[PDB]
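A.B. asks: Could you work out the structure for the sequence below:
(chains A and B, ligands or ions: 5)
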Amino acid sequence: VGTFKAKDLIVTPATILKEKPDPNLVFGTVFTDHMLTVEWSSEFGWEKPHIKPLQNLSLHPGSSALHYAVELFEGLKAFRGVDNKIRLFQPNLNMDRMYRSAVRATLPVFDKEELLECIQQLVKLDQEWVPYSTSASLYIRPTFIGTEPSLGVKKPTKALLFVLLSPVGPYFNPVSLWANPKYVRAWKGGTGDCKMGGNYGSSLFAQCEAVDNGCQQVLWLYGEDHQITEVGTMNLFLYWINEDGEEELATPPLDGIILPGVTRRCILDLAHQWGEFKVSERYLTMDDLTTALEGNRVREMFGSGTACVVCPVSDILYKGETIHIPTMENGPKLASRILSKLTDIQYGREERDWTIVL
Amino acid sequence: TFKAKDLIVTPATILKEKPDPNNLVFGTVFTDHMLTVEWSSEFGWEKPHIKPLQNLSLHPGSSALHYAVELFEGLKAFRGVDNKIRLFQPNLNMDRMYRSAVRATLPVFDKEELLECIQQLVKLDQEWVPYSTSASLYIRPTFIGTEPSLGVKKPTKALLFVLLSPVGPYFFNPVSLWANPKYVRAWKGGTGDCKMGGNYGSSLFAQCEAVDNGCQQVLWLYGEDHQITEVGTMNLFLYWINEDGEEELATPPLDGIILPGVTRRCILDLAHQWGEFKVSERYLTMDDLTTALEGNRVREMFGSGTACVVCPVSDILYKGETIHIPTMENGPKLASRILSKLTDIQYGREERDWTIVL
Ligand SMILES: *Cc1c(COP(=O)(O)O)cnc(C)c1O
Ligand SMILES: *Cc1c(COP(=O)(O)O)cnc(C)c1O
Ligand SMILES: CC(C)CCC(=O)O
Ligand SMILES: CC(C)CCC(=O)O
Ligand SMILES: [Mg+2]
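C.D. replies: Numbers count the residues shown, from 1 in each chain, chains lettered A, B, ... in the order given. Ligands and ions are numbered 1, 2, ... in the order given. Have a look at this structure:
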């Protein structure tokens, strides 16, 4: 057990540099000039990290990442502030999650501080890619795959940790959800609370069926009571008047089937800080939703995540019936306020312990 | 769809020497060649290639590394007692690979063309099909999404390849199982009924946990009543006297959480034709099992799968106790009869339409 170290970084600058794209971009379509890569073996442990020109990965055909999904990823952003200072948002939480995911994937552990510094060195080198727009940013995709060259299903004796950079804009423009309870995203005892690739490949069929019915995303339902868990790849928030006639900002609890998002945490922290209404991490079902609608109790519904931050939901297609959510007709007040707060913090218009600057 | 007729063959310059068919570690040795077929949304399938075993050059953003957009298959080639090389139920593998491709939203292919391409790959490396009646050539068709963009969606790029690995045993050597209801392999509304990469990477944590407890495999439990579903990566079979006091061979039903193994189907077929006892596809819980043991009603328990046609079970670690299974004390009579029959068919000692020559 050990870790690679940032002070050991081997930088190899690309001679040919690619022209930056126009800030006004399709998510994950464009990649920067460089990338970070770190090899690992159970025999020699972590090798020295490298920052080199973006290039293809040369992988053995038997690599466990291609056969048994031994893999995991992360997603954070770097923002060019109104002061032109590049900032990262709550990077330390992504490193924690990534570490936890590694352990649950049986991939080799590493030192969070070192990885973060290596990332900071990667972004710094390609800092000119960080968009020159207050509505765009640079997406950081840390990835960790098993490269064991054997078909035996088991803990990998070889692995590759790498990091890609992609300048992006959007991932309000409300979305419509497709809710089919026949499809299940995560289960108790599963890995839904980790960012392991295995939990995503199996959702593509559902996502396709969603676009097949005019929806932009999938509303993941769970259990006999059809609990509302997540919106596609985002955590779900419901701003309504609860059963007790109280103004409430609710979101499903972290009971195993919900991925603990960094945006989810922040929203809950801002929501608690303001102390203007009740904040509850509890169970929400379709019936709770419908009963509330046929009472004008609902105010806003939206998804949260690094890619969208705040993503208003306006309709849910459930049991052949299109269920409209008055999110947009009520502002969206909270959703907008939350967007401004996070955006202000991310672009340096507001000082806070949530961002770091190199 | 690609066509076998279009195969482009690039034979290796230097051929590796064959391993000892007596000391083979499952899936660690690979033959001289592999099959590769590139797919693109814009152009469709490229022509198929049989070229020397080399590393795959993939864009670091390939969806197979990020979102487990991948699936695999497993079938074997056997050198018969007449020295004729045979494939066992290969068309069933093609059908399962095809259905899984659809569920993963990977591109469809002509099942016969793939099989012919595989036969031609095996024909080229035919000398790798071990001169042994206790060894064979494992065939690993693999289908991965190579989509460069980081968006979670249906791939517009993909690769289909086939590797070959001479093998002997996956590990009668009875195995002990580690049963802990805290982990769930697959769930209703899930994808556990497909050979999609995502279902395995999530198992490693439980698997390594079984090892540090002396067990070679995990006994996958499901639900409040703790149904016993599969033995590691193999289907589960129970030979006992049931509640009604009847002699019976039972195996969990295909209700969505069980992978329809080819071996499993074959065993049910053989058991059905012998018609010497009741054959049931039914639920089985730890309680039925432990209650049956206390009643001395259990005879044999074993896992089945291409890697280990019949893998007898001797012990189960559950609730801190070690539940002994009398399988080996009972012969294992049925386990042997079945193993003997399947191998007699595979190695041509018996003719049946379950094997395809060359
Ligand atoms: C990444 C992800 C989220 C959001 O987490 P953030 O850290 O806020 O980006 C939510 N749900 C799923 C399933 C995710 O993969
Ligand atoms: C492949 C597999 C089996 C066995 O099926 P065969 O087609 O008979 O090899 C059983 N269970 C799981 C989970 C599998 O992946
Ligand atoms: C799953 C990732 C491609 C996007 C996560 C998000 O920010 O919602
Ligand atoms: C999962 C694979 C490595 C083995 C499947 C089997 O033969 O049971
Ligand atoms: Mg044809």
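A.B. asks: Look up how far chain B lies from whichever residue of the stretch 1-150 of chain A sits closest to ligand 1.
C.D. replies: Nearest to ligand 1 in the stretch 1-150 of chain A, going by CB to the nearest ligand atom, is residue A:75, at a distance of 5.5 Å. (Each C-beta comes from the backbone N, C-alpha and C, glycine too.) Applying CB to the nearest CB, to the nearest Å, the value for residue A:75 to chain B is 8 Å.
A.B. asks: do residue A:266 as well
C.D. replies: Distance, residue A:266 to chain B, using CB to the nearest CB: 22 Å.
A.B. asks: Likewise for residue A:42?
C.D. replies: Separation of residue A:42 from chain B (CB to the nearest CB): 12 Å.
A.B. asks: swap in residue A:10?
C.D. replies: For residue A:10, the distance to chain B - CB to the nearest CB - is 18 Å.
A.B. asks: what do you get for residue A:223?
C.D. replies: On the measure of CB to the nearest CB, residue A:223 and chain B end up 10 Å apart.
A.B. asks: hmm, back to that, which residues touch the residue of the stretch 1-150 of chain A closest to ligand 1?
C.D. replies: Each residue near residue A:75 by CB atoms under 8 Å, 6 or more residues apart in numbering or on different chains is listed here: A:94, A:139, A:140, A:141, A:142, A:195, A:306, A:307.
A.B. asks: repeat that with 6 Å
C.D. replies: By CB atoms under 6 Å, 6 or more residues apart in numbering or on different chains, the residues touching residue A:75 are A:141, A:306.
A.B. asks: Dihedrals phi and psi, it?
C.D. replies: Here the main-chain torsion angles of residue A:75 (degrees, to the nearest 10) amount to phi -160, psi 110.
A.B. asks: Residue A:41 now?
C.D. replies: Main-chain torsions, residue A:41, degrees, to the nearest 10: phi -150, psi 150.
A.B. asks: Excluding covalently adjacent residues, which one is nearest to it?
C.D. replies: residue A:158 (5.5 Å; CB to CB, 6 or more residues apart in numbering or on different chains).
A.B. asks: next one: residue A:318
C.D. replies: Leaving out its chain neighbours, the residue that sits closest to residue A:318 by CB to CB, 6+ apart is residue A:179, at 4.4 Å.
A.B. asks: isn't that neighbour right up against residue A:321?
C.D. replies: No - counting by CB atoms under 6 Å, residue A:179 does not reach residue A:321; the two are 10.1 Å apart.
A.B. asks: Confirm residue A:165 sits in a strand?
C.D. replies: Yes - secondary structure of residue A:165 (DSSP: H, G, I helix; E, B strand; the rest coil): part of a strand.
A.B. asks: List the contacts of the closest residue to it other than its chain neighbours.
C.D. replies: Spatial nearest neighbour of residue A:165, excluding adjacent residues (CB to CB, 6+ apart): residue A:32 at 4.0 Å. By CB under 6 Å, 6+ apart, the contact set of residue A:32 is A:126, A:129, A:165.
A.B. asks: how about 10 Å then?
C.D. replies: Listed by CB atoms under 10 Å, 6 or more residues apart in numbering or on different chains, the contact partners of residue A:32 are A:14, A:17-18, A:20, A:53-54, A:122-123, A:125-130, A:138, A:164-167.
A.B. asks: now do residue A:236
C.D. replies: By CB under 10 Å, 6+ apart, the contact list for residue A:236 reads A:177, A:219-220, A:228-230, A:250-252, A:258, A:264, A:284, A:301-304, A:311, A:313.
A.B. asks: for residue A:130, same thing?
C.D. replies: A:20, A:32, A:77-81, A:84, A:86-87, A:123-124, A:136-138, A:165, A:167.
A.B. asks: Turn the buried ones among these into a named PyMOL selection, would you?
C.D. replies: Per 16 or more other CB atoms under 10 Å in any protein chain shown, the buried members of the contacts of residue A:130 correspond to this PyMOL selection:
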select buried, chain A and resi 20+32+77+78+79+80+81+86+87+123+136+137+138+165+167
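A.B. asks: Quick one: the strands in the stretch 51-200 of chain A, in order.
C.D. replies: A:57-59, A:71-73, A:76-80, A:86-89, A:137-146, A:158-168, A:175-179 (DSSP state E, counting those that start in this stretch).
A.B. asks: Mind listing residues that contact the fourth one?
C.D. replies: The reference is to strand A:86-89. With CB under 10 Å, 6+ apart, strand A:86-89 has contacts from A:76-81, A:94, A:116, A:119-120, A:123-124, A:127-128, A:130, A:137-138, A:140, A:262-263, A:266, A:306, A:309, A:342, A:345-348, A:352, A:354-358.
A.B. asks: For the buried ones among those residues, write the corresponding ChimeraX selection.
C.D. replies: This is how ChimeraX selects the buried members of these, with burial counted by 16+ other CB under 10 Å:
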select /A:76,77,78,79,80,81,94,116,119,120,123,130,137,138,140,262,263,266,306,309,342,345,346,347,348,354,355
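A.B. asks: among the contacts of strand A:86-89, which are in helices?
C.D. replies: A:94, A:116, A:119, A:120, A:123, A:124, A:262, A:263, A:266, A:342, A:345, A:346 (DSSP state H).
A.B. asks: got the residues of the stretch 1-150 of chain A near ligand 3?
C.D. replies: Applying CB under 6 Å from any ligand atom, we find that the stretch 1-150 of chain A lies next to ligand 3 at residue A:75.
A.B. asks: still on that earlier bit, which ones are touching the residue nearest to residue A:41?
C.D. replies: A:39-43, A:60, A:63-64, A:108, A:145-150.
A.B. asks: Need the nearest residue in space to the closest residue to ligand 2 within the stretch 201-350 of chain A, chain neighbours excluded.
C.D. replies: Proximity of the stretch 201-350 of chain A to ligand 2 (CB to the nearest ligand atom) peaks at residue A:202, 14.2 Å away. Distance criterion CB to CB, 6+ apart; nearest residue to residue A:202, sequence neighbours excluded, is residue B:191 at 4.4 Å.
A.B. asks: so how far does stretch A:60-68 reach from one end to the other?
C.D. replies: 14 Å (CA to CA, to the nearest Å).
A.B. asks: Same question for stretch A:64-76.
C.D. replies: 26 Å.
A.B. asks: ok so, going back, between the ones in helices among the contacts of strand A:86-89, which is closest to ligand 4?
C.D. replies: Checking these one by one against ligand 4 (CB to the nearest ligand atom), the nearest turns out to be residue A:94, at 31.8 Å.
A.B. asks: I figured the closest one hits residue A:163, correct?
C.D. replies: No - judged on CB atoms under 10 Å, residue A:94 makes no contact with residue A:163 at a distance of 11.2 Å.
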